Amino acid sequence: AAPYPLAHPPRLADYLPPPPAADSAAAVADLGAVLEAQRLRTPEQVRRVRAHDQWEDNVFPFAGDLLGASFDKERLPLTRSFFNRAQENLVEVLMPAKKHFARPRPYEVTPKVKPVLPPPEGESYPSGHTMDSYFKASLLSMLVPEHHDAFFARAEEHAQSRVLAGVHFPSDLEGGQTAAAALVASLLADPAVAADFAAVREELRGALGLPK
């Protein structure tokens, strides 16, 4: 699916701080938090996080148990399109940011860190999974304000899952959170995108039989 033809997407580096410096107190807490999560994680927590999250219609698994059985991929063509197209806009701004900040992953600072997701090479900051999670919660909360907290608590479950997994530092989650906002604001300022989103609102609220 194709990104929305954004004219001026955000350069995330202008929106985020640098990650902690290797020698900083922040860097020690970051690794602490990742090691503490490794100690505490259970085999069932580890199994659940390794469950394959397919990327195509990922908003459906993200909020299906929150919204009803009415939230059907196959019954919501506009919603399903909008989320796949904006996902690719997410990926277009995220790649440059990762590459730019070039942060070493937890398990590249010490080999004490045994990641349980297949570990990528460097480019730890920001977390694109955290960015995508808060991105969906932000859009879904605009469309269905009635479940705002349920969406944002789900975004936090997904975000932490990456620390528990050992592929991200808490500060990586913090950068993904900030990035999601910049993207949502950039994207929804485009009037053709604002119009597709106004249509998604009618499809989705309609399907869940909600008013206004």
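One-based numbering along the sequence shown.
Chemist: Averaging C-alpha B-factors over each stretch, which comes out higher, 127-135 or 76-84?
Modeler: Going by the record's values, the stretch with the higher mean is 76-84.
Chemist: Between 4-12 and 202-210, which has the higher average C-alpha B-factor in the PDB entry?
Modeler: The entry gives the higher C-alpha B-factor average to 202-210.
Chemist: Per the entry, which of 150, 182, 159, 40 tops the list for Cα B factor?
Modeler: It is 40.
Chemist: Which one of 155, 173, 69, 165 shows the top CA temperature factor in the record?
Modeler: Among 155, 173, 69, 165, the PDB entry lists the largest C-alpha B-factor for 69.
Chemist: Ranking the modelled residues of this chain by C-alpha B-factor as given in the entry, is residue 60 in the lowest, middle or highest third?
Modeler: Middle third by C-alpha B-factor.
Chemist: Splitting the chain's C-alpha B-factors into thirds, which one does residue 122 fall into?
Modeler: Middle third.
Chemist: Would you mind ranking residue 96 by its C-alpha B-factor against the rest of the chain and naming the third, lowest, middle or highest?
Modeler: As the PDB entry reports it, the C-alpha B-factor of residue 96 lands in the lowest third of its chain.
Chemist: Please place residue 25 in the lowest, middle or highest third of its chain by C-alpha B factor as given in the entry.
Modeler: Middle third - that is where residue 25 ends up once the chain's C-alpha B-factors are sorted.
Chemist: Looking at the C-alpha B-factor of residue 195, is it in the lowest, middle or highest third of its chain?
Modeler: Within its chain, residue 195 is a highest-third residue by C-alpha B-factor, going by the deposited values.
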